[PDB]
Each structure stands twice: as structure tokens, then as C-alpha cells.
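Below: one structure, written as C-alpha cells.
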Amino acid sequence: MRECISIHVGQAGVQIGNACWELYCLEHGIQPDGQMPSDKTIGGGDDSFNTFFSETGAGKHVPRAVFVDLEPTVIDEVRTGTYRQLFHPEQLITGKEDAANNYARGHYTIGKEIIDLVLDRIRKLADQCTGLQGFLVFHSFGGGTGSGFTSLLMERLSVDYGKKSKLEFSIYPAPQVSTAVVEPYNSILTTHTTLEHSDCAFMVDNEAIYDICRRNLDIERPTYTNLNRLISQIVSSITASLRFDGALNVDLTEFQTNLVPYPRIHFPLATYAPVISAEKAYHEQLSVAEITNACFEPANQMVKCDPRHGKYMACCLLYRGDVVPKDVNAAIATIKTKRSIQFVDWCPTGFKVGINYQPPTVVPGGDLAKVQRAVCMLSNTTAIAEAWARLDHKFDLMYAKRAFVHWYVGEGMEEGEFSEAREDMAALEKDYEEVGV
Amino acid sequence: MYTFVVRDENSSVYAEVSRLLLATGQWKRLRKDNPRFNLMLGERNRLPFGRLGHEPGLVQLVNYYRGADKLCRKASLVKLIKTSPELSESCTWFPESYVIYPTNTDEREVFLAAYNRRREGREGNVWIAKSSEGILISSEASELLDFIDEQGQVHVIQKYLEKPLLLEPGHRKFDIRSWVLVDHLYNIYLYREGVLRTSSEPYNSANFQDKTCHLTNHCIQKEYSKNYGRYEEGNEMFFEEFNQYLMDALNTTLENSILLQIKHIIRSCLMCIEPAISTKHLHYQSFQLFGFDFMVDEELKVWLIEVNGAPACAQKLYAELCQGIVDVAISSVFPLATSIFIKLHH
Amino acid sequence: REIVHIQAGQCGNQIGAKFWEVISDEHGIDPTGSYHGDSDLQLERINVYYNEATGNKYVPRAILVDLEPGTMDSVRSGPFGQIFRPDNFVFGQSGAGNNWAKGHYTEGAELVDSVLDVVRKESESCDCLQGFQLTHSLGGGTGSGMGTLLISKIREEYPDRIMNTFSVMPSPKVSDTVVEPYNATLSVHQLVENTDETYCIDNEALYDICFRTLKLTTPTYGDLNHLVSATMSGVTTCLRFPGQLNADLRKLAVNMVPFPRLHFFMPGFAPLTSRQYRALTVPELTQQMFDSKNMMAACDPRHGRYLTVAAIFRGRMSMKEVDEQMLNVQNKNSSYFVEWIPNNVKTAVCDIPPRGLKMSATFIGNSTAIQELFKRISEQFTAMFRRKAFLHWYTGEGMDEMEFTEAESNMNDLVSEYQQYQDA
Amino acid sequence: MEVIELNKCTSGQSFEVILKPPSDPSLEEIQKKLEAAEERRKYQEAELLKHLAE
Ligand SMILES: Nc1nc2c(ncn2[C@@H]2O[C@H](COP(=O)(O)OP(=O)(O)OP(=O)(O)O)[C@@H](O)[C@H]2O)c(=O)[nH]1
Ligand SMILES: Nc1nc2c(ncn2[C@@H]2O[C@H](COP(=O)(O)OP(=O)(O)O)[C@@H](O)[C@H]2O)c(=O)[nH]1
Ligand SMILES: COc1ccc(N(C)c2nc(Cl)nc3cccnc23)cc1
Ligand SMILES: [Ca+2]
Ligand SMILES: [Cl-]
Ligand SMILES: [Mg+2]
Ligand SMILES: [Mg+2]
């Protein structure tokens with residue numbers, strides 16, 4: 001057994017971490033105080049769930065998690081919330097003033113003054129680890145902390161833990177819930193500086209989650225709470241193989257091995273089904289074939305794009321609930337005939353499959369109905385480059401006028417970092433295009 | 001009130017569509033780069049599909065189907081027909097064809113295997129070569145591939161149709177242009193009016209170096225042809241005259257001898273690619289206007305040669321057709337405050 | 001987090017007092033500083049503007065400044081007079097005679113250090129001061145001359161805080177003296193260099209609103225200040241109320257100001273109220289807040305383009321309807337929003353409505369049409385300045401014509417810079 | 001279409017399905033970057049303060 005440390009940076013990272021750790025506790029039967037009765041090995045163990053929880057002599061299961069934000073208001077809600085007892089004070093780190101939606105304020109100005117404290121708290125977690133495999137890093141692209149502090153922290157983690165894997169869960173910006181006009185700038189800057197320090201990055205476009213909430217949960221104006229419970233379902237679907245018995249995606253290295261053949265193209269697309277309203281009176285439960293088939297509708301992707309007009313480099317199917325292999329293979333056979341699924345020539349056309357018999361846990365009182373089976377597909381398709389296209393266009397529109405650049409230069413960043421980052425992104429877009437057309 | 005944006009000024013059909021849209025007082029045009037449009041009349045090259053359908057509060061529609069190029073560029077279409085079970089290498093309405101790459105998978109080593117059986121069986125062995133100006137129709141291969149390699153792009157060469165149907169008086173060749181509009185629901189609509197692009201020079205089966213009685217391009221006929229327009233204004237015979245001719249001279253209708261095959265071919269092609277390009281469940285929607293080019297043989301058998309994805313109309317029919325595009329492709333999605341299309345379904 | 005508020009001069013102190021009355025009411029605090037509201041939204045961020053004092057008392061973090069005591073006395077005697085700490089009243093005796101040079105160079109210099117002492121005391125009691133807001137007019141002497149002196153002193157001592165101002169622009173329709181264009185031009189030069197964000201409150205617009213649409217035949221300063229206090233409560237709601245968007249003065253500057261110098265905002269309000277019964281529909285609220293007739297800077301928004309817009313809806317209403325209506329405005333008028341700042345319109349909602357309204361909307365636009373305002377001032381300046389008329393009031397305080405030429409040039413430059421982006 | 005590496009256990013199973021075969025800077029440089037930005041910031045501040053002294 002090898003440990004995993006979760007790092008939540010900025011508002012989006014922290015509120016999504018709240019959602020995920022609530023879910024985690026519900027799934028492993030860990031009570032809000034940190035007591036897991038089914039855990040007979042008191043005070044320790046090398047069980048699967050121990051990769052995310054440590055244990056105290058008093059039988060308290062404590063997340064291997066650090067929450068970091070540059071202003072205090074959001075992490076203060078963790079400190080006074082239902083799961084306050086879960087986290088140990090040293091893990092919840094806050095500053096006095098935020099980054100003002102300014103990547104350079106988060107990276108350079110305010111980042112330089114809190115980075116060493118954060119690394120010290122992360123080291124205190126790592127020192128409780130017999131064999132740390134690495135880190136799961138949650139953050140927004142658009143926030144000043146989310147982008148700027150995150151990239152600084154990634155650089156330093158590559159330094160202080162060179163052989164360890166680093167995974168991202170990244171919130172891509174959408175105008176319907178965005179908070180800042182400069183989110184494209186911050187997105188490009190943090191992606192350029194982080195690219196080489198991340199082994200695998202799961203992008204969630206708030207636009208897609210927003211629309212999923214509206215169409216399938218009949219939420220008229222989704223809040224961060226709605227979005228985050230849905231996102232935390234997807235995240236749990238992705239990390240279940242690190243927290244449960246199995247043979248697929250058991251360590252972080254396997255994510256890269258199975259999903260990222262070319263190291264720069266490390267942005268797997270996530271598609272999830274079924275999303276069903278708790279207020280659906282009569283629901284007819286969906287078969288393996290129906291949920292698997294729904295994994296190929298753009299409307300269920302974490303990022304709206306069209307995988308028909310791209311190529312696949314890898315594809316993983318993570319099921320939860322009442323599923324057996326033959327029904328999976330039966331669904332795949334038919335789907336292959338009715339759908340445009342093209343793999344790159346140097347890759348095998350195939351699916352790695354993982355099944356966990358326990359169906360998804362749902363937050364009591366939440367928006368999601370219990371279902372007898374669910375699936376999350378992780379596919380590395382070049383189609384996701386569409387999202388970079390969108391972002392790089394918005395960036396180009398502002399930067400051609402140097403609009404807002406003065407706020408970044410005034411924090412000590414050089415204008416050249418802008419065009420450097422944009423050039424890296426142009427390289428990325430070309431990599432995708434040549435791999436996929 | 002609806003907004004559109006015009007990114008292909010060099011398109012006659014959509015120029016006329018812009019005018020018709022403005023003339024309704026319910027459409028206003030925006031600057032080419034303004035992303036708050038309902039309607040995009042896109043550029044022909046590298047249209048940015050990846051940026052469509054991410055504008056909240058805007059239903060967005062575009063006049064091209066992403067992926068339809070597989071039908072509309074010559075090597076692509078041959079690959080699609082051969083490899084697609086719906087059409088198959090046994091397809092009976094598409095001529096034998098092969099994809100050849102210049103000197104600088106290919107298919108000339110599979111070509112020759114058939115060409116020499118044609119030459120031994122003492123069959124007509126004329127073959128035509130072209131890509132997507134620079135055409136060679138020859139009788140022996142070493143002229144064909146020799147020409148292909150002087151150019152530098154991928155080429156297709158296919159069994160020339162040695163026994164076409166010839167219009168009298170004149171003993172001349174022709175191709176049939178059908179216009180087909182696929183709307184956002186993937187209804188396939190064939191325009192009632194086709195056109196017969198004729199040649200003005202009786203058909204000389206002797207030397208295939210004279211392209212004036214073997215290629216039916218409206219361009220190569222106005223400039224380099226003797227009597228461009230002696231039989232029909234602009235070398236364009238429409239459907240009423242042509243049906244009349246088929247009745248008088250051959251004792252059939254255009255509908256029975258030819259149009260049935262044309263509707264079958266159109267529906268087959270478009271239904272075959274429907275799963276690859278449909279926008280039925282997409283965050284943006286597509287429609288597209290296609291030009292199917294057909295050649296009839298002396299047995300009243302129809303053949304498909306090119307599908308063009310950005311066709312122009314015949315000056316006589318611009319008005320009616322563009323108004324039809326507005327009615328069935330655009331107002332269907334964006335409503336305002338006896339149809340000229342035949343719907344293909346079976 | 002904490003904001004330090006400064007009101008300077010007659011106009012600055014009269015609108016400052018009204019602002020504190022209005023937002024003290026909105027937060028449940030009474031003239032004695034004792035909280036008496038019911039909800040708890042009212043207190044979550046109460047410290048951005050108020051200090052807590054002995055006995056659960058709330059004391060505005062506000063310094064009152066003047067060169068003559070008249071209007072200060074009027075405040076102390078006024079409704080909320082006793083809610084301010086008496087030590088924060090800083091005044092001289094000789095006045096400034098509507099003379100920028102007296103405020104900035106002679107009389108004001110004599111008083112400015114003790115104001116900065118009170119500023120220092122208020123700021124060292126702050127956990128993380130985000131910056132300052134100043135209410136003043138530009139047409140008189142104390143607000144314009146000594147307020148801009150204060151601003152550049154505050155900037156010297158606190159170069160990393162935000163400077164925000166509510167600046168009342170003079171108009172001949174509401175005019176105290178003929179030298180107002182001089183004072184205004186001198187002040188704009190200062191503001192363009194030393195504020196991060198300035199709300200341009202045009203006494204012309206305020207007059208036209210009271211006259212042409214509130215049907216007030218003889219508008220008083222009270223009728224004008226009712227509009228100003230509605231607008232000020234509106235534009236600070238996201239600062240002092242917990243919402244989804246946890247806004248502050250710096251984030252507002254970052255998102256609203258694409259180039260340092262173009263930081264002059266057109267504010268707007270709806271429904272326009274006089275000192276009614278029909279509830280407004282969200283579509284109505286939205287059409288009115290964008291209406292030229294609802295804007296407090298006398299400029300035609302159709303004469304320029306919006307660089308950025310922030311919009312606040314107050315009341316219980318349909319978030320969904322708000323989104324739809326805001327998108328409808330942008331999609332139906334996209335001509336007027338620059339296309340090189342994507343998604344340059346942001347919206348926020350607060351459940352708490354202002355007093356006497358079930359719903360309202362406040363508008364904050366950074367438009368290139370603001371250049372009209374400065375052109376107006378510039379014309380009135382030159383008309384006198386070409387004959388050096390009334391200059392002796394200024395040379396008698398040590399000023400040189402060269403300084404008038406410099407401020408005029410800088411304001412004309414500001415106008416050209418706006419015109420540069422009206423056509424990009 | 002063949003089914004390989006089936007591994008299975010009481011919480012679930014995993015396996016593979018093939019349909020077709022195949023047709024960083026140092027701590028030094030980082031603290032240098034951070035301090036270079038701090039220097040540009042301190043310089044802009046000194047420019048501002050000198051202008052205000054004028
Ligand atoms: N999905 C989701 N997105 C969020 C959430 N909170 C913020 N965001 C998105 O994140 C972006 C804003 O960045 P934040 O994470 O809030 O800002 P920050 O990282 O705290 O950095 P600062 O600028 O210092 O405040 C916008 O695109 C938001 O819509 C959340 O809880 N869930
Ligand atoms: N809107 C408004 N404008 C005012 C008020 N008092 C004065 N003014 C305007 O402010 C300018 C005069 O400056 P004033 O504040 O009286 O002089 P100061 O005391 O030297 O700062 C003129 O343009 C007046 O119309 C007021 O209460 N409201
Ligand atoms: C156009 O892009 C933006 C993005 C954000 C912001 N912020 C920071 C805001 N700040 C404050 Cl104090 N009030 C507001 C009221 C309404 C909307 N936003 C804000 C403003 C413009
Ligand atoms: Ca244990
Ligand atoms: Cl290591
Ligand atoms: Mg934040
Ligand atoms: Mg006065």
C-alpha cells in the first residue's frame with residue numbers, strides 16, 4: 001500500500017475538495033468525526049482506503065489532504081463545517097488577502113511569501129507515509145490562486161519529490177459562472193508553467209457541468225454546490241481504484257501508463273452516465289448497454305467537444321454497481337459498429353475495463369438519484385484540443401490589445417511570459433492536430 | 001431578431017442568402033469576428049467548428065457539416081465508397097476508381113492488376129485521372145502515372161465511361177448537376193430543378209487529348225469551345241427540355257429512367273455518413289448544400305462522379321434555391337413573424 | 001478586507017453623510033451605532049465599513065475633512081451625526097473659496113498632516129486594509145484641491161492599496177462659481193494618475209434626471225444627493241454583502257480597467273426614484289439600467305463602446321430571468337461591446353433590496369463615451385483660459401499658468417486615449 | 001475481439017478488450033525567478049515614490 005496526498009488550492013479547489021471528501025467518507029463509512037467502525041485494524045493498516053486516510057491511535061481516520069487558499073473566507077467554512085473534526089488544523093492553510101484574479105499576484109507576489117509554509121505542511125503529511133506515490137491537485141484555471149499559486153506549488157513539488165506522480169483536477173473557465181474577465185490569461189499562464197510538472201490532468205469545463213445540471217437534474221440556475229456534488233461523483237469514479245481492491249489503475253503511475261502515451265497530451269476526457277434527478281418520480285433503470293452508449297454522447301462529457309472528429313490514444317471504462325464483463329463486451333461490440341471510433345495507427349483499438357460492484361454512493365438530500373449501475377469513461381482523444389482552441393482564441397483577442405496586461409506586469413511578471421505561454425499553447429495545439437488528423 | 005456573420009464573401013449562393021436575410025428586417029449582419037451570432041455562413045477552409053455552440057443564450061447554426069469533406073474530395077470519396085459496407089466495393093453506381101500518390105495506402109499496384117485484365121480482355125480501356133486544369137484521359141497507363149508524378153498531389157484515376165448518352169441533335173455529352181440540401185434534422189432535400197451541363201462539340205471517341213467533347217465544365221466551354229451556346233443559352237439544358245427530349249426521342253420520363261437512380265444514390269451516400277457528421281445531439285447545429293454530379297450512360301444507367309461541398313447554382317435558379325435554403329435550413333431553426341424540394345426518405 | 005472612507009469639502013461631506021445614513025439603514029445599524037436588524041446577512045461583512053466598539057457598537061470607518069466647519073457641524077447635528085467618532089472630524093477655519101490652489105497648495109497643506117494622522121490610526125486598526133474611498137466634488141476648493149492632495153499623500157504612504165473615488169463633476173446647470181472648470185480640470189489630472197477607479201458623478205446628469213424624468217421643476221442638492229446615495233449603495237453592495245462573488249476594490253479594478261488611465265466609470269440606477277407602488281419586472285429593470293436616461297454621467301453610451309460592465313440586481317427575483325435578460329441585452333446590441341474583451345459583462349445578485357424598493361438594478365460601465373464628459377469640461381476650460389480669465393485667484397496662491405497648460409494637455413490626452421479604443 | 005488479463009476479486013473485476021492491433025528547473029533557478037520579479041516590483045515602487053517626491 002502506497003499513500004496519496006490531495007492538495008486543494010483556491011476557492012474552486014477547496015470547495016470541490018469538500019465535496020469529494022464528504023463523498024469519500026460516505027463511501028467508506030467514515031463518520032464526520034473520523035471513526036470507521038468496519039476498520040478492525042485500529043490505529044493503522046495497509047488497507048486500500050488507507051491511501052487516502054491515515055489513522056490515529058484513537059481510531060480517527062484523517063484525510064491525507066491539504067487545503068490552501070490565499071484569503072481565509074472559504075477555508076473558514078471547512079473549519080466550522082460538518083467535517084471540521086475530520087481535518088487537523090495544520091492542514092487548512094489560509095492567507096490574509098487573495099490574488100485578485102491575477103495569476104502573477106498568486107504566483108510571484110503573494111505566492112513567494114507562503115510557498116515554504118505550504119511545502120512544510122505537505123512534508124509533515126509525506127513524513128507519515130511509508131511509500132508515498134504522489135499528489136492529486138485540485139484548482140481552477142481562472143482564479144488567481146488556482147492558477148498562479150498552483151503552478152508555483154507544482155514546480156516546487158517536482159523539485160522536492162522528483163520521482164512522485166502528480167495528477168490534476170482542473171476547472172476550465174465558463175462565462176455562465178465565471179468570476180473574472182481575465183480567466184483566459186490565467187488559464188494559459190498556469191497551463192504553460194504547469195505542463196511539464198503534471199503527469200495527467202482531468203479537465204472539467206464548468207460549461208458542461210452547468211448544462212448537465214440543467215438538462216438532467218432540472219436545476220434552473222445551478223450553484224457551485226450542485227456543480228461540485230456532480231464533479232465529486234466524477235472524481236470519486238476516477239479515484240475509486242486507488243481507494244478499493246482491484247487490479248486497474250491501482251497506483252498513480254498506472255494513470256499515465258494507461259491514459260497518456262505522449263507525455264504532453266496528458267488531458268483525458270471524462271464522460272459520465274447516468275445523471276438522474278432525485279426528483280424523478282418514475283425512473284426506468286438504465287442497462288449496461290444504455291450507460292455505455294451514453295459515454296459517447298458529447299452532452300455527457302466533462303468538456304463539450306466532438307470525439308468523432310478526433311482520434312483516440314487510450315480508453316478506460318470505470319463501472320460502479322451491477323455490471324458483469326459479458327454485458328460490457330456485448331455493449332462494446334454493438335457500439336463499435338454504430339459509432340465513429342478511430343484510434344491512432346500506433347495504438348491498439350481497445351478498452352481497459354474496471355468494475356466495482358458497489359454502486360455509486362449519493363449524498364443524502366442531494367440532487368442525484370441512486371442508480372443500479374453507472375460508468376465513467378476516461379478517453380485520451382485529440383478532440384479535447386477544441387477546448388484549447390477556444391481558450392487560445394479568447395486569449396488572443398485580449399492580448400492583441402495588451403488589455404489588462406499592466407495588472408500582471410505591475411506584479412513583477414514580464415510581458416514576455418505572456419507570449420511564451422501562448423507559444424507553448426500553439427505547440428500543444430499543433431501536437432494534437434498532427435496526432436489526430 | 002436574429003444575427004448572422006459572413007465569412008465567405010466569394011460564395012454566390014450565400015451572398016444571395018445574406019441579401020434575402022437582411023431583406024426580412026428580422027436578421028441583422030454582424031462583423032465577421034463577432035461571436036454573438038445565431039448563424040454562421042462559414043469559410044470554406046478550416047472552418048472553426050470547435051468554437052461553435054459555446055455562447056450562452058445563442059442557438060448557433062452553421063452552413064457546413066463538419067466531416068462532410070470525406071464525401072466531397074475525390075480521393076476521400078473513393079476511400080469512403082470502397083471501405084464502407086453500406087456502399088461496398090461492389091457498388092453498382094460508382095465507376096471503378098483508384099487512389100494514386102505522386103512519386104515524391106497507394107493503389108497503383110492494385111490498379112495495374114485490373115488495367116491489364118482490361119487490355120487483355122480486349123475491353124475499352126480508357127481511364128480518366130484527376131485530383132481536387134490538369135486532366136488526362138488516356139488509353140495506356142504509362143501516360144497516366146507519368147502525368148500524375150509531374151504534379152505533386154494525390155490523384156484518383158477511374159474507369160472512363162466509354163458509352164455515354166448523347167443528345168441529338170449534336171451527338172454531344174453532358175453531366176447532370178443535382179442540388180441537395182441537408183438540414184439540421186438531417187432531412188435530405190433534393191431541389192426540383194437540376195441542370196444539364198452540356199458540351200457544344202459532337203463526341204469524338206478518337207483522340208482523347210482534345211478535352212472539348214469529353215469534359216463538361218462550364219468554364220472550358222465558354223473559352224475554348226467552337227459554338228458555346230448554339231443549342232442552349234450558356235450550354236445549360238434544364239429539366240423540362242430534357243424530360244421532353246427523353247419522351248420524344250427515347251420514350252421515357254426523366255423521373256423513371258434517371259431520377260429514381262439519382263434519389264437512390266443521394267440517399268445512400270448521405271445516410272452512409274450520417275452517423276459521422278450528424279449534429280442531432282450536438283451543442284451546435286449544421287446544414288449543408290451539396291452538388292452531386294451525375295453521368296448517364298447510353299443504357300439509361302446513372303453514375304456518380306463528384307460530390308461538391310461548396311457548389312454554385314445556375315443564374316436562372318439562384319433566386320428560388322436560395323429562398324429555399326432560407327425557408328428550410330434557416331427559418332426552420334430561427335422562425336420569422338408547395339415546396340421546391342423533394343424529401344428523400346425510405 | 002477593510003475600507004477606509006474619506007469625505008472632503010461641502011459636497012463630499014453631504015453625499016458622504018447620506019451614504020452612511022443609507023447603508024447604515026441597510027445593515028440594521030441605528031444613529032447610535034447599535035445594531036437592531038433582524039437578519040444576519042446584515043453583519044457577515046459589516047467590518048468592511050464599520051469598526052466594532054465597546055458594548056457591541058458599530059462605528060463607521062470614516063474621516064470627515066473640511067477647511068471650514070459649516071458643513072461638518074451640519075453633519076454632527078444631522079440624522080446620523082453621532083455615529084461617527086468625534087476624533088475623526090478634522091477641519092480648519094478659513095475655507096478654500098472654491099479655489100483649487102487654496103485646497104491643494106496653501107490652506108490645504110496646512111491641514112493635511114492631521115488628516116493623515118487620523119487615516120493612519122484608522123488603518124493600523126485594520127486586519128488587512130484593502131484601500132480607500134473618497135467622496136468629493138471637483139468644482140470647489142476643498143474636495144477637489146485638498147482631496148487630490150490627500151489622495152497623492154495617501155498613495156505615497158500606502159502605495160499598495162486601492163484608491164477609489166466618487167467624484168462629482170460640475171455643470172453650469174448646477175453651478176456655484178465660474179471657476180469650476182479650472183478646478184475640475186486640475187483635479188482630473190490628479191485623478192487620472194492617482195486613483196485606481198473613479199465613479200464619475202455628473203451634476204449635469206443628476207439635474208437632467210431630476211428635471212426630465214422625476215418631474216422636479218426646481219431640483220435642490222437634496223434631490224441630487226438622493227440619486228447619488230442610491231447609486232453609492234448600489235455600487236458597493238458586492239463589497240459589503242456576502243454573495244457568491246466575494247468582491248473587493250482590487251478585483252473590481254482588475255476586472256474593470258483594461259488600461260491604467262481609463263478608470264473613469266459611468267454609473268447607473270433603476271428604477272429612478274424621487275424623495276413607487278408598481279413592482280418592476282426583471283426585463284424592465286434591465287432595459288432601464290442600460291438606458292442613457294438612467295446614467296449619472298451625462299454621456300450617450302451609443303456614442304461609444306463599453307469596455308467592461310458590472311451590473312448588480314438587488315431583491316428577490318429569478319436569477320434565471322436575470323441571466324436571460326443580461327444575455328439578451330448583449331446579444332441584441334453586441335455592436336456596443338468591444339469584441340476584444342470576451343464576456344466583458346458580469347452580473348451579481350443580492351437578495352437584500354434597498355429601502356423602499358422590492359427590486360433594483362445598479363449599473364457600472366467603463367465606456368469610451370465617458371470622453372464626452374471630459375470634452376465638456378475641456379471646452380469650458382479653454383473658453384476662459386484663452387483669455388486667462390479669473391487666473392489671478394490662482395497665481396495669487398503661487399500657481400503658474402504652465403500648470404494649467406499641463407493639466408489641460410493631460411485631460412485632452414485622456415480624451416484621445418478613449419477615442420483610440422472607441423475605434424479598435 | 002478478444003478478452004485478456006481478467007483479474008477478479010470480491011469488490012469487482014477488471015480486464016482488457018482488444019478489437020484490433022496497432023495499424024525541470026531547480027530550487028535555485030526558481031528562487032531566482034521569484035526574486036527577479038520582486039526586484040522589478042521594488043523598482044517600480046521606487047520610481048513611483050521618486051515621482052511623488054518630485
Ligand atoms: N466548478 C466550480 N468552479 C468554481 C468554484 N469556485 C470557483 N470556481 C470557478 O473558478 C474560477 C474562479 O477562480 P477561484 O478558484 O474562485 O479563484 P481563486 O483560485 O480562489 O483565486 P483568487 O483570484 O485569489 O480569488 C471561475 O471560473 C469560477 O467559476 C466551485 O466551487 N466549483
Ligand atoms: N451633487 C452635489 N453637488 C454639490 C453639492 N454641494 C456642492 N456641489 C457641487 O460641488 C461644486 C462646489 O464644490 P463644494 O463641495 O461646494 O466646495 P468645497 O467645500 O470647497 O469642496 C459645485 O460643482 C457644486 O454644484 C451636493 O451636495 N451635491
Ligand atoms: C466585467 O468583468 C467583471 C468581473 C468581475 C467584477 N467584480 C470583481 C465585481 N466587483 C464588484 Cl465590487 N462589484 C461587482 C458587481 C457586479 C459584477 N462584478 C462586480 C467586475 C467586472
Ligand atoms: Ca485500520
Ligand atoms: Cl522523490
Ligand atoms: Mg479566491
Ligand atoms: Mg460650496
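The basis for the numbers below is simple: all heavy atoms, side chains too, and nothing from hydrogens, waters or symmetry mates. Numbered from 1 within each chain, the chains take letters A, B, ... in sequence-line order.
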Residue pair [X] / [Y], side-chain donor-acceptor N/O under 3.5 Å:
X	Y	result
C:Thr273	C:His226	yes
C:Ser24	C:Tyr50	yes
C:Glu324	C:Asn328	no
C:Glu122	C:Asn51	yes
C:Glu68	C:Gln10	no
C:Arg240	C:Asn47	no
C:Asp117	C:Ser114	no
C:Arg61	C:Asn88	no
C:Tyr35	C:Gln42	yes
C:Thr198	C:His263	no
C:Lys102	C:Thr142	no

Exercise. Out of C:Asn294, C:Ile201, C:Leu272, which one pairs with C:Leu227 under the side chain to side chain contact (heavy atoms under 4.5 Å, CB included) rule?
Worked result: C:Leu272
Exercise. How are the rings of C:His5 and C:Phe19 set to each other: parallel, tilted or perpendicular (split at 30° and 60°)?
Worked result: parallel
Exercise. Does C:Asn183 have any side chain to side chain donor-acceptor pair (under 3.5 Å) partners at least two apart in sequence or in another chain, and if so, which?
Worked result: C:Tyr394
Exercise. For C:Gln287, does its backbone N or O pair with a side-chain atom of C:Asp291 as donor and acceptor, under 3.5 Å?
Worked result: no
For this session: Could you grab the distance from atom CZ of C:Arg314 to atom CD1 of C:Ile352, nearest 0.5 Å is fine?
Result: 7.0 Å
Exercise. Could you give the distance from CG (C:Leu252) to CG (C:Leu239), rounded to the nearest 0.5 Å?
Worked result: 7.0 Å
For this session: Could you please spell out the steps behind the ring-ring contact (aromatic ring centres under 6.0 Å, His included) verdict for C:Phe259 and A:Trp407?
Result: CA-CA 9 Å; C:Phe259 308 98; A:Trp407 290 114; over 10 Å; no
For this session: Flag the pair C:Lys346 / A:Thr179 as yes when at least one side-chain heavy-atom distance between them is below 4.5 Å, and no otherwise.
Result: no
Exercise. Are any of the side-chain nitrogens in C:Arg85 or C:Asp87 under 4.0 Å away from the carboxylate oxygens of its partner?
Worked result: yes
Problem set entry | Six-ring centre of C:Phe132, C:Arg161 cation under 6.0 angstrom, axis tolerance 45° | no
